[PDB]
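Report on the following structure.
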Amino acid sequence: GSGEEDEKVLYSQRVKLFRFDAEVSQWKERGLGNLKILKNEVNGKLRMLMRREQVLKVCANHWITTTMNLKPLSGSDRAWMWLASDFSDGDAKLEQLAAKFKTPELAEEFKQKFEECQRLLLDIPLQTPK
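Okay, here's the thing in structure tokens:
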């Protein structure tokens, strides 16, 4: 009720999704897809989910909040992981899952903006015209 739904799609981007392998202790790709952003009309929670493009299937529904923190992968500077409990149909575990963009360009722009939005989006209204 205005929380687990109520989200609309504003932006989509081709990204790689990663899972943290407990057994590998390491981030390994979940696949390749498009990061779909669903944003609540309330602008309370926004999500980034990514569906595997050619795989037609969302694997991770991650909410972008300051309640969570982004951390760069080892060796990556601008590809980051977040801890989220994903269960788009990903099955509810909390994992640190990662996503990386092709370049630190895509990765860096998003990283900065991501954190800023975490602190900021909360207080600052961002409503898309209709």
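Here the sequence shown is numbered in this note's numbering, starting from 968 and rising by one per residue.
From the three backbone atoms N, C-alpha and C, an ideal C-beta is built for every residue, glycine too.
Taking residue i as the reference, give the member of the options with the closest Cα.
| i | options | result |
| --- | --- | --- |
| residue 968 | 994, 987, 986 and 1009 | 1009 |
| residue 1081 | 1039, 1027, 1025 and 1097 | 1039 |
| residue 1073 | 1095, 1046 and 985 | 1046 |
My output table needs one value for residue i: the three-state DSSP class, helix, strand or coil.
| i | result |
| --- | --- |
| residue 1071 | helix |
| residue 1054 | coil |
| residue 1080 | helix |
| residue 1021 | coil |
Here's the rule: buried if 16 or more other CB atoms are within 10 angstroms of the residue's CB, otherwise exposed. What is residue i?
| i | result |
| --- | --- |
| residue 1044 | exposed |
| residue 989 | exposed |
| residue 1062 | buried |
| residue 1057 | buried |
Mind the definition here: the region 1077–1096 touches the region 1021–1032 only if three or more C-beta pairs lie below 8 angstroms; say whether that holds. Output reads yes: the region 1021–1032 touches the region 1077–1096.
For the region 974–986 against the region 1010–1019, do three or more pairs of beta-carbon atoms, one drawn from each stretch, fall closer than 8 angstroms, so that the two count as touching? yes
Give a yes or no on contact between the region 999–1008 and the region 1045–1053, applying the rule of three or more CB pairs nearer than 8 angstroms. Counting Cβ pairs under 8 angstroms, fewer than three are found: no touch.
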